[PDB]
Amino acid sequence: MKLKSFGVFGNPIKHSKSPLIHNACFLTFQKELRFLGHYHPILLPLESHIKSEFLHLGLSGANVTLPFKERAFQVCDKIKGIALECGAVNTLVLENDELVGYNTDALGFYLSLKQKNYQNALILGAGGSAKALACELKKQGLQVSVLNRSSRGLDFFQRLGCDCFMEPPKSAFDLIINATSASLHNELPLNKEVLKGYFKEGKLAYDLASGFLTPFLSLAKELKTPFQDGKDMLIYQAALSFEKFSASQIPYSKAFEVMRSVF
């Protein structure tokens, strides 16, 4: 019984449903994998260092949550897969003593979306989530607009062909995505009257927070606009992460089955 250590770095961190669904899968596939994984939440001080901490804890793999996803992309030894276009890393694997960075948010988000027929999207936020979601939605051929408070990640989104606005675009969007940290603060990501304008005219309000009904989602619910929280995304990207942690031994669709059940 070789033991292998995993975790999720975040700040804040201990509401994470991730250790439960990953340890479920580490328990289930012990025999295929030929080790027992264990997965813990990890409070990472803002002023620490993801790579150094990873090496010091002896981890075989990690997930990375806000606000460290852009930092993870910068400090990895090597970036593979769609991560390269996301400028954000949410999955870390030790491969050949090199810290390798993946992004499973993009495809995780893709798989959570039950409908295809959205023309355009407004993304709120500019962290690693917004970055992966913009990259995924452009890929699908939506028009993507991005609105942050201030000047953050301008160049990244510009270079994808996103329209980066200063003020709220006066325009209808099918898909309104909250990828800010606002729900965490129990806050709306935008002035309320503005958001209501988007909601009266949009097709789906989408919040990355999972579990609790956020101010953003509850206002969409109040206006009767269809809404979706981050639960389905969370299960998909975890499954996809797990496929990485398994060094491609266990395909994400098998992980997803155990994970969705347990959740």
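Just count from 1 along the sequence shown to find any residue number.
- Between the stretches 41-49 and 27-35, it is 27-35 that shows the larger average CA temperature factor.
- Relative to one another, 114-122 and 77-85 have unequal mean CA B-factors, and 114-122 is the one with the higher figure.
- Across the options 216, 212, 227, 236, the residue with the most elevated CA B-factor in the record is 212.
- Ranked by Cα temperature factor within the chain, residue 153 sits in the highest third according to the deposited record.
- Per the PDB record, residue ranking by Cα B-factor puts residue 196 in the middle third of the chain.
- Remark: residue 203 belongs to the middle third of its chain, ranked by C-alpha B-factor as recorded.
- Sort the chain's modelled residues by C-alpha temperature factor and residue 173 lands in the middle third, per the entry.
- When the modelled residues of the chain are ordered by their C-alpha B factor, residue 141 lands in the highest third.
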